[PDB]
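Data first, discussion second: the structure below is written as structure tokens.
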Amino acid sequence: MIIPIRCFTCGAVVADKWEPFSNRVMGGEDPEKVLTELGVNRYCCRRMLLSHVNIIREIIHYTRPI
Amino acid sequence: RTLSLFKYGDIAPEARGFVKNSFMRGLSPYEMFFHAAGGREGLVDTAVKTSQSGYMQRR
Amino acid sequence: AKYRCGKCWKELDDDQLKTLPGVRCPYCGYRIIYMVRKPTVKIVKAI
Amino acid sequence: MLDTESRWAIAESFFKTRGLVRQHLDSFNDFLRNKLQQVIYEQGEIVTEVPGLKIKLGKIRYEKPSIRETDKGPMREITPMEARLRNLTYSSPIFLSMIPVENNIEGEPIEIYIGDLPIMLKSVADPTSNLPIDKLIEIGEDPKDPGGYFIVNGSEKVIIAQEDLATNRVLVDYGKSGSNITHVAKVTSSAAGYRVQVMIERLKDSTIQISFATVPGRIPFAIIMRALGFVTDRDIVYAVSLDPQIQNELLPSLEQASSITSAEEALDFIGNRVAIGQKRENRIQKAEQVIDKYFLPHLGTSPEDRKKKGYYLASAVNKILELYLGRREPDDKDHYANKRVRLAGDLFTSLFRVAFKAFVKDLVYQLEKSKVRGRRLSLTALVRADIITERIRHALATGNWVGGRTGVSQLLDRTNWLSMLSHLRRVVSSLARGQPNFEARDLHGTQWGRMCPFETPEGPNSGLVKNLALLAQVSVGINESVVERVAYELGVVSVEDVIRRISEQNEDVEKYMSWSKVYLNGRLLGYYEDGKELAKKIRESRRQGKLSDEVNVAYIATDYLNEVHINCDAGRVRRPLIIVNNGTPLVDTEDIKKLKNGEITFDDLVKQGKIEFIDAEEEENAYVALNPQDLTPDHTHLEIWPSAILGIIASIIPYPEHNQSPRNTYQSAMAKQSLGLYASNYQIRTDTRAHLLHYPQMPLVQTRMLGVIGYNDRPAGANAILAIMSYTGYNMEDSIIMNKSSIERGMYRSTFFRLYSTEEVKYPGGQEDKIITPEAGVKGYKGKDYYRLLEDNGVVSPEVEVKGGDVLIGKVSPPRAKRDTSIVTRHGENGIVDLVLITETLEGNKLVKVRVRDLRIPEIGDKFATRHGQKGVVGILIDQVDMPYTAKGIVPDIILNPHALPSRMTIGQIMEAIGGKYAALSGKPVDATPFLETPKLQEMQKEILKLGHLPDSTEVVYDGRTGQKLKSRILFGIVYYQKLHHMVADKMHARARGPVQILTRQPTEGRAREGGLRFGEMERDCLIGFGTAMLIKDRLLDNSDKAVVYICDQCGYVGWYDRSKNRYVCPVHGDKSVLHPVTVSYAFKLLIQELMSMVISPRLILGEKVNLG
Ligand SMILES: [Zn+2]
Ligand SMILES: [Zn+2]
Ligand SMILES: [Zn+2]
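Chains as they are written, first to last, in the UniProt record's numbering: chain S, 1 to 66; chain Z, 764 to 822; chain U, 2 to 48; chain L, 1 to 816, 829 to 1121.
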């Protein structure tokens, strides 16, 4: 739904690196260079960042009326 | 003919279900179809076998 | 207790005292209402 | 040349123009536009026994979906979400224009309301089918929902397609061995409301008999021929065929009816068969009416239609004789040319026809009764429309269709995206489970491109429940009249004209024995000079737009047969192909260039005569090529997409051509059950059971169809660092090892939602009413503490911790002395109250819904699977410190035993692991579509080596407990995993003691009923085999239905022991006999008592407990 705070395999914080990576890739930059220069080197954290879906931007429209 | 990809009246090894590839190498589409056709019987025979075995053992 | 009009999600709040012939929002005439979170401190363990 | 990209562009345009549920929508639109009016034209006008009084029907129409609530006035339009929330039905009113004539007086046309018709979502009648994404979001709708279902009473119902044999066709076969019948032919004529089967035999003595359901026994062929207007034997033998060899076989059947030489003799012979002990007159009219109504109704139900029935019977007899002489073979019955798929349109038109017949019968009865009583003519005052609305709805909410069909309507399976998508494309075989037959479950070569060869259930339904292929399309059909006219004007000669030319003109039959027979929907149409030329002409005219595209033509040439078959009816499954002319496909570079920039679509190519949909019958004349690089001048078509032979779930497997066949079927079955996001608006809709994965991820190793179906926006799994090694023995025999630290970070956590509902029934029968209030003093009170969560209005508030059997909604019920009927939480499960909804059910009754959620964290016993058929439970959870870290600090998320690979032969598993590791390292997309995988394995391995890792995807691993370096290298990957809804938290159930049955006094059944396990016969056999008598007694007697009963010493019946003062009393002996107590199973005493209920008298003979000596 939203980016996990930490990588699942190793406890590395990865949530703070989502909004840069999600932007510069949309700007035409290849993901590998951005990931390397952001400080992500183990492929577990690369898996965490590369396969996020971010559904919450659609669920904010359909929220419990409580 | 089995499929429409083969000529009329063809009994060549390829046209009747001979797979010359391996799982490592990968199968062609018609080879996949022939493999599934060959393997479908196992999904079916199990229930019949167990029911007959149960009836015989009860008697 | 207290309810909330269902139209446009969190619309507005109403209570038991609104006595009407049917279940209806007095303000927008909507037929679906929900219940509030009963304001009270709730303790959940971050496990 | 057509490369991969151009063919994928064609396929993507196909999917973009027409969605994945085009079959349901097309059938419903066709029914709504045409089949609705046709039913009432078939009715025509209602007559009355009283002369001068009748009604003439006009047009019929429908409006936007709406409801009529309390204080009925103008109808108010509603949205589907409101129907879901308020338990309504998404239906639209239907208006009929009717004119009453009263002794030939017109009056004025009247438009009335005749009922409500359910509307399929996204159909032509649904106003939400043409809305922008913004407006769909505004009204509370999922923009990606492929609406092909109905909202009935709030539930979502889908009409499953039913596959069954074609009706108006002749099927020939051999008779059973060792029987007087040698060959059999069968026809199943379908009328507008009933279906009649006609069976033709060929007995041992070279005679032919026709027998159908209504008339008992067999009737000789010449008898029926005479009854239908064929008086001369030459007429019969020339209507059968023109071949002297075939004509020679008619002699015994011709002479067996030599006594009957007139139509009336045949008619009263049939009458004697059907009517016994009546005069000649009523006999002949009864026989002629039963012949005209129940013989072959599809040809007509009028007394001038007998010639057509006679010609049809003659053609069927000719077919059976051709089978006898050896010029034919028995029909396959599995060829898809012989099978038709009934969809929602046909079922709805039949149901509406039946309901309209019932409604018009009731209306005419009420009208004639009122006119007998005496009243003015006011149609609106006696319509009683609520019949129609009741008859259709009850069919959708139960699945019991007309004609004996059951299970046609089923609740939509919204476990995830793939479950709903697969449900909306299922096909169920009608003739099934009555016998295996070991041949209806085979993978017929005709299924290529029409049904998925993998997605089938396992067990009794294996091979009988199928799923549509990607590009398959079910035909809708046209009217036969235009096809007949164009065929006649093309040059064919009617059978009557040929017979006339043969008989009344001196022309030899040798000329017409070399001609080709021309059929139309299984009925012989005529003769043509050269059948191949006619087939080519029809095909060329169809591609130019002059002829409808629903028409398919085939030409069959054999050493003994020369026929042309034309089909234009509905229910035929067809597939598209690119036309190849002179070895060059008709789709060129300019066409694909215009296709890639939106100038043209898939439909434009079809209407230009470059891509055509062909069915099984036409494909007999086709010679298709898989790829453009092996085209030859003899080829006629080209495959649009070779990977489109799979279904919609089998299209998610990466590298499916490297796995064994059963693994893909298992994968489909398990992928229909994975946890994940199933809808964007899941928080506002109320489903009975729902699951939600907290952090779903889209696969790293994708296929081309994952993005088309929208699976990347509603994923149902996560990517896991998989290690392949043997570790601690906790992953032996299908089990897996999972990292506990990654679980504690929230990897595979999920939430489970359950719903409870209640309604305040108004009870109009006695004017008493329900009320939702607490239960201070009531008859069926439970306990003071149980009702401690209810508010002042008797409904529990959101965000509270319910547990066990706490009361959620508290209401009382009037006696039928108020009784407490309150909804309680199910036993053995707790959670947090998530949502409370209060509304009205269209009549002022209060409806209350309470949704309760709970948190599910993975543990030992949870079930996980992959996309290659590798299910298993978690054996143990290991922390990060104890996991075998590598030289870079990466620990596995899941460990999989190597011993599971070499037997299952799933190379795709390892290939996906390598591809996922490459995708994570490089950041480049990986496509694993079958037969077209890019990049190749060698390139991926070279790139992996270039990025600092070993090419074979192995790594140097150290032991996390001792720090010792392992002597070998271990394979690591990023395989994608799914979590199934088979959690151990819902499967435990234990019983020590509790309630028993009222009748047998045995423990109850069900997890919610405190439990109880059945001790069957086979367990008793195991206990006997071990020879443990006391253990048997303990298991079967002491722990269930033990009792003590008193038996009289003389009669042997059961007495009793009363508390008056003191007595052992016998039902017959009174106090003159001694009674003894015996311990026995209470079920045995019940058996004795119910045996005495019958006239059987069981007397028990007692014996000494202590063995003397
Ligand atoms: Zn990491
Ligand atoms: Zn409101
Ligand atoms: Zn007695």
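For every residue, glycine included, the Cβ atom is placed at its ideal position computed from N, Cα and C.
| query | For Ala381 of chain L, which of helix, strand or coil comes out of DSSP? | reply | By 1-based counting over the fourth sequence, the position of residue 381 of chain L is 381. Of the three classes helix, strand and coil, the one that applies to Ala381 of chain L here is helix, per DSSP.
| task | Please work out which residues of its chain come closer than 7 angstroms, Cβ to Cβ, to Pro1079 of chain L, disregarding the five sequence neighbours upstream and downstream, and give them in chain order. | result | By one-based count along the fourth sequence, residue 1079 of chain L stands at place 1067. Same-chain partners within the cutoff: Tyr1065 and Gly1067.
| Between the segment 6-24 of chain U and chain S, which residues of the former have a C-beta closer than 7 angstroms to a C-beta of the latter? | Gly7, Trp10 and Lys11
| query | Name the chain U residues that come within less than 7 angstroms of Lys858 of chain L, Cβ to Cβ? | reply | If you number the fourth sequence from 1, residue 858 of chain L lands on position 846. Chain U residues near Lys858 of chain L: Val24.
| query | So what does DSSP say about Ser462 of chain L, is it helix, strand or coil? | reply | The count along the fourth sequence starts at 1 and reaches residue 462 of chain L at position 462. Residue state, collapsed to three classes: coil.
| request: Say yes only if the C-beta of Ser1085 of chain L is nearer than 7 angstroms to one or more non-hydrogen atoms of ligand 3, and no if none qualify. | output: Counting from 1 along the fourth sequence, the entry for residue 1085 of chain L is found at position 1073. Within the cutoff, so yes.
| Can you give, in chain order, each stretch of the alpha helix (DSSP H) that sits fully within the segment 837-875 of chain L and has at least 4 residues? | Counting only runs of 4 or more, we get nothing.
| task | With hydrogens ignored, establish whether the beta-carbon of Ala1002 of chain L is closer than 7 angstroms to any heavy atom of ligand 1. | result | Along the fourth sequence, read from residue 1 onward, the residue named residue 1002 of chain L stands at position 990. Every heavy atom of ligand 1 is 7 angstroms or more from the Cβ of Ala1002 of chain L, so no.
| Among the residues of its own chain, which have a CB less than 8 angstroms from the CB of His658 of chain L, if the five just before and after it don't count? | Residue numbering aside, residue 658 of chain L sits at position 658 when the fourth sequence is read from its first letter. Counting only residues of its own chain and dropping the five nearest sequence neighbours on each side, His658 of chain L has a CB closer than 8 angstroms to the CB of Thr918, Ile919, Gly920 and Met923.
| said: Counting C-beta neighbours from all protein chains within 10 Å, is the total for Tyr763 of chain L 16 or more, i.e. buried, or is it exposed? | reply: Position 763 of the fourth sequence, counting from 1, holds the residue named residue 763 of chain L. Exposed, since its Cβ has fewer than 16 Cβ neighbours within 10 Å.
| task | Tell me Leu693 of chain L's beta-bridge partners as DSSP assigns them. | result | As a position in the fourth sequence, residue 693 of chain L is number 693, starting the count at 1. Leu693 of chain L pairs with L:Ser750.
| said: Does the contact criterion of 3 or more C-beta pairs under 8 angstroms hold for the segment 969-982 of chain L versus the segment 692-706 of chain L? | reply: no
| task | Kindly give me the distance between the Cβ atoms of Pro143 of chain L and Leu136 of chain L, rounded to whole angstroms, as I take these residues to be in contact under 8 angstroms. | result | For the purposes of this step, residue 143 of chain L is taken as residue 143 along the fourth sequence, with counting starting at 1. For the purposes of this step, residue 136 of chain L is taken as residue 136 along the fourth sequence, with counting starting at 1. Yes, they are in contact, since the Cβ atoms of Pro143 of chain L and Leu136 of chain L sit about 5 angstroms apart, within 8 angstroms.
| field | Own chain partners of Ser1109 of chain L with C-beta closer than 6 angstroms, once the 5 adjacent residues on each side are dropped | value | Along the fourth sequence, read from residue 1 onward, the residue named residue 1109 of chain L stands at position 1097. No residues qualify anywhere along the chain.
| Cross-strand partners of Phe613 of chain L (DSSP beta bridge) | Position 613 of the fourth sequence holds residue 613 of chain L. In DSSP, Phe613 of chain L forms a bridge with L:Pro576.
| query | What in chain U is Cβ-close to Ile850 of chain L, meaning under 8 angstroms? | reply | Here residue 850 of chain L refers to the residue found at position 838 when the fourth sequence is read from its first residue. The contacting residues are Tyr4, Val24, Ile33, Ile34, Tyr35 and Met36.
| said: At the level of alpha carbons, what is the spacing between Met1 of chain L and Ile652 of chain L? | reply: Start at 1 with the first residue of the fourth sequence, and residue 1 of chain L comes out as number 1. Start at 1 with the first residue of the fourth sequence, and residue 652 of chain L comes out as number 652. Looking at the two C-alpha atoms, the distance is approximately 28 angstroms.
| Of the residues that make up the segment 78-89 of chain L, which ones have a beta carbon closer than 9 angstroms to any beta carbon in chain U? | Correct list: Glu82, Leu85 and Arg86.
| How many angstroms separate the CA atom of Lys929 of chain L from the CA atom of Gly985 of chain L? | The residue you call residue 929 of chain L lines up with position 917 of the fourth sequence. The residue you call residue 985 of chain L lines up with position 973 of the fourth sequence. If you take the alpha carbons of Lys929 of chain L and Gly985 of chain L, they lie about 5 angstroms apart.
| request: Can you give me the Cβ contacts of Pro436 of chain L inside the same chain, cut-off strictly under 7 angstroms, excluding the 5 residues immediately before and after it? | output: Taking the first residue of the fourth sequence as 1, we reach residue 436 of chain L at position 436. Contacts found: none.
| Bounding residues of the alpha helix (DSSP H) (the contiguous stretch that carries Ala932 of chain L) | If you number the fourth sequence from 1, residue 932 of chain L lands on position 920. Start and end: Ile919 to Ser934.
| message | Less than 8 angstroms between the C-beta atoms of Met895 of chain L and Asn739 of chain L, yes or no? | response | Translated into positions along the fourth sequence, residue 895 of chain L becomes position 883. Translated into positions along the fourth sequence, residue 739 of chain L becomes position 739. Cβ atoms of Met895 of chain L and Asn739 of chain L: closer than 8 angstroms.
| field | For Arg916 of chain L and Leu1103 of chain L, the rounded distance between their alpha carbons | value | Your numbering for residue 1103 of chain L matches position 1091 in the fourth sequence. Your numbering for residue 916 of chain L matches position 904 in the fourth sequence. Taking the straight line from one Cα to the other gives about 56 angstroms.
| task | Using a Cβ cut-off of 7 angstroms, pull out every chain S residue sitting near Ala932 of chain L, in sequence order please. | result | Here residue 932 of chain L refers to the residue found at position 920 when the fourth sequence is read from its first residue. Neighbours of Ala932 of chain L on chain S, chain order: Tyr43, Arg46, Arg47 and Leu50.
| query | Just how far apart, CA to CA, sit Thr688 of chain L and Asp126 of chain L? | reply | The residue labelled residue 688 of chain L in the question sits at position 688 within the fourth sequence. The residue labelled residue 126 of chain L in the question sits at position 126 within the fourth sequence. Looking at the two C-alpha atoms, the distance is approximately 26 angstroms.
| query | Which value, in whole angstroms, describes the spacing of the CA atoms of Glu265 of chain L and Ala395 of chain L? | reply | Residue mapping note: residue 265 of chain L aligns to position 265 of the fourth sequence, counting from 1. Residue mapping note: residue 395 of chain L aligns to position 395 of the fourth sequence, counting from 1. Computed Cα separation, rounded: 47 angstroms.
| In whole angstroms, what is the alpha-carbon distance linking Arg414 of chain L and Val573 of chain L? | What you label residue 414 of chain L is simply residue 414 of the fourth sequence in a count that begins at 1. What you label residue 573 of chain L is simply residue 573 of the fourth sequence in a count that begins at 1. Each residue's Cα considered, the two are about 27 angstroms apart.
| task | My understanding is that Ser668 of chain L touches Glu455 of chain L, with C-beta atoms under 8 angstroms, so please give their C-beta distance in whole angstroms. | result | Walking along the fourth sequence from the start, residue 668 of chain L turns up at place 668. Walking along the fourth sequence from the start, residue 455 of chain L turns up at place 455. Contact holds; Cβ gap of about 4 angstroms.
| CB of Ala12 of chain S to nearest heavy atom of ligand 1: below 7 angstroms? | Reading the first sequence from its first residue, position 12 is the one you call residue 12 of chain S. Checking the Cβ of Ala12 of chain S against ligand 1 gives yes.
| message | How far does the beta strand (DSSP E) with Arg5 of chain U in it extend, from its first residue to its last? | response | Residue 5 of chain U sits at position 4 when you count from the first residue of the third sequence. First-last of the beta strand (DSSP E) with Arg5 of chain U: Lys3 to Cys6.
| query | Between the segment 148-163 of chain L and the segment 297-315 of chain L, do three or more beta carbon pairs fall short of 8 angstroms? | reply | no
| message | I need the straight-line Cα distance from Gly801 of chain Z to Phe769 of chain Z, nearest angstrom please. | response | Here residue 801 of chain Z refers to the residue found at position 38 of the second sequence. Here residue 769 of chain Z refers to the residue found at position 6 of the second sequence. When rounded, the distance between both Cα atoms is 19 angstroms.
| field | Span of the alpha helix (DSSP H) around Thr389 of chain L | value | Numbered from 1 along the fourth sequence, position 389 holds the residue referred to as residue 389 of chain L. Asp386 to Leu396 is the span of the alpha helix (DSSP H), which, as asked, contains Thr389 of chain L.
| task | State the DSSP-derived secondary structure class of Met738 of chain L, mapped to helix, strand or coil. | result | Numbered from 1 along the fourth sequence, position 738 holds the residue referred to as residue 738 of chain L. Looking at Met738 of chain L - three-state DSSP - the assignment turns out to be strand.
| said: Helix, strand or coil for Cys452 of chain L? Go by DSSP, reduced to three states. | reply: Working through the fourth sequence from its first residue, we reach residue 452 of chain L at position 452. DSSP places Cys452 of chain L in coil when its eight states are reduced to three.
| task | Could you tell me which chain U residues have their CB closer than 7 angstroms to the CB of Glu855 of chain L, listed as they occur along the chain? | result | For the purposes of this step, residue 855 of chain L is taken as residue 843 along the fourth sequence, with counting starting at 1. Per Cβ cutoff of 7 angstroms: no residues; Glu855 of chain L is ~10 angstroms from chain U at best.
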